[PDB]
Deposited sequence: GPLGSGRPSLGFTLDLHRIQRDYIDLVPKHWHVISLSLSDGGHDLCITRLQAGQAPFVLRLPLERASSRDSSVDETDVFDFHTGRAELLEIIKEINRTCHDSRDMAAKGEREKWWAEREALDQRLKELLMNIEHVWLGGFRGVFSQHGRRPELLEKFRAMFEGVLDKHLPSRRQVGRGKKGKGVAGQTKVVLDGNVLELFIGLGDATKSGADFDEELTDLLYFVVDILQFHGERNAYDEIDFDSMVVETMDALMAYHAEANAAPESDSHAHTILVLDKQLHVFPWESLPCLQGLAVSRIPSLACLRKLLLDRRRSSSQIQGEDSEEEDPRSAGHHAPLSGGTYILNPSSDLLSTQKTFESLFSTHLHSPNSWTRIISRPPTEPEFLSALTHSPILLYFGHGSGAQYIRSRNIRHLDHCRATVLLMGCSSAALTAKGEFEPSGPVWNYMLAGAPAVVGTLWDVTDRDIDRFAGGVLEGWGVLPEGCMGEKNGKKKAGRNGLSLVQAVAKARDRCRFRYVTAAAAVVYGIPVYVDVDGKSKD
């Protein structure tokens, strides 16, 4: 009823090639609750016991404690930098950060392996192929008929359950191994049957054989699916996270790294941003996003004057490509006044903040609330600009910023600059090849650009995993005007 009302009043207004994923914990923190919502689709509702493998492993408290310890040490490396700066202390500094990168990598790997397991396909953005799914249904039902003691009335599985198998990915690729994932999903199927009154004992089921036959069915699905590949769906995922789950870099889970994923405080917030989308100046999936003109942006570069490498990296590029030809406002090597900051938020389609922190030292959060409307899509390239709910990102979302890019923890200048440069190139703010005068530009959504830009960092986990975007997909409108 409430899921019915949520579907009708919120989700069915969301672009149909996007989906919304809600992540929360059960009372004791024993289960990960995942709800996938999509316009015109029945909801996926999952409750995943984190320790389910044991009775067939680390609990939430253990995982979160490990994460927070890693983050604490990462933050320490970002500021002990100045003191350590020498010539052989360099080696130790880089070694420490490499070790932390590996630690965080392994934590995310373990979360994906143990907590998500075979349900990682719930995050899949693959397009629905109704005719192929029913072919898979017939084969899979054949597997159940052959192997379940209960079939020596039959429960009929929902299509969304079958889509979890498809969502594991291309089973025909070299290196593909779905055995553990498939085992996890076969337990799920047996448990669904059990729930609806078709009962079986695990011990009487040859799961290993079902895995082989199910994998063979998936190879048949994907062989045929690959003959008509998905060209460009502009699929996007929006995460709604419960309070304890924001600190996790979900987007950097191995199975999510390639996907365009953003976060949103609430469904109410998502709905508001969608109703305020600007159309491009131009059956076109890009039309689902907000379109921000390239003209008239603002960049705030090295406002505290001490970030000389960051200034050096971008100042000439910004003068050449933004200030000179596209009427951008520039604030360089001086602090912006609060009126300047508020004016940029009000008038600029894009605001680039390349400085320390979130910029809260220059503009009060409550004045971001007083704004009749926040026009700007905002990139907060500084330490913990989206971290630790209440915070700067919260207020930009309240103000109606279409999107805000920020960091979950502290970062260092050159590596976040590599990321930022990648975002601007992918998004089309700067021409391709600028960071490596250029002309010709990409047109990824901001969310797609952020996901791709994580590749640019020396540390995918220590640096890039910090980077997240709150809001909806934003496209640059190159020839557009406000």
*Quickly check which stretches of the deposited sequence aren't in the model, judged by C-alpha, and list them in order.*
1 to 13, 70 to 77, 174 to 187, 318 to 326, 433 to 439, 488 to 492, 539 to 540
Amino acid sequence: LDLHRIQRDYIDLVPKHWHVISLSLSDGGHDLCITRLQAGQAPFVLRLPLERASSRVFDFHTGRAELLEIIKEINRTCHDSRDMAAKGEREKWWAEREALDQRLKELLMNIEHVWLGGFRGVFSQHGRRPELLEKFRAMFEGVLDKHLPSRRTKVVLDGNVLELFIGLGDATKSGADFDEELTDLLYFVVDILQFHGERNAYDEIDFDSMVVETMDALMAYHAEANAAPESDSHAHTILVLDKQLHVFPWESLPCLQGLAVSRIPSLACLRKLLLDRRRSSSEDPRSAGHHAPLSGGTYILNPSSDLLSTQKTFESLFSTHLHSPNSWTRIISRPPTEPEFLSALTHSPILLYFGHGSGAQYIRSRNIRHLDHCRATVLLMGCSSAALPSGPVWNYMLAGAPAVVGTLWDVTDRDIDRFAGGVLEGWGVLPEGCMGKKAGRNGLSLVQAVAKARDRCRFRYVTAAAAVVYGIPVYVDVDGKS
From here on, numbers count along this sequence of modelled residues.
*Read off the CA B-factors in the entry, average them over 70 to 78 and over 154 to 162, and name the higher stretch.*
154 to 162
*Averaging only over Cα atoms, indicate whether 41 to 49 or 420 to 428 has the higher B-factor in the PDB entry.*
41 to 49
*Tell me, please, which of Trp394, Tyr299, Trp94, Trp250 has the highest C-alpha B factor according to the deposited entry?*
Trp394
*asked:* Maximum C-alpha temperature factor per the entry, among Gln257, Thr313, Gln244, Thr172, belongs to which one?
replied: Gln244
*Tell me, lowest, middle or highest third: where does the Cα B factor of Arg278 rank within its chain?*
middle
*Tell me, lowest, middle or highest third: where does the Cα B factor of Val57 rank within its chain?*
highest
_Entry-reported Cα temperature factor of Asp415, expressed as the chain third it lands in_ = lowest
*asked:* Ranking every modelled residue in this chain by its Cα temperature factor as given in the entry, which third contains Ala451?
replied: lowest
*Classify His30 as lowest, middle or highest third according to the C-alpha B-factor given in the PDB entry, relative to its own chain.*
middle
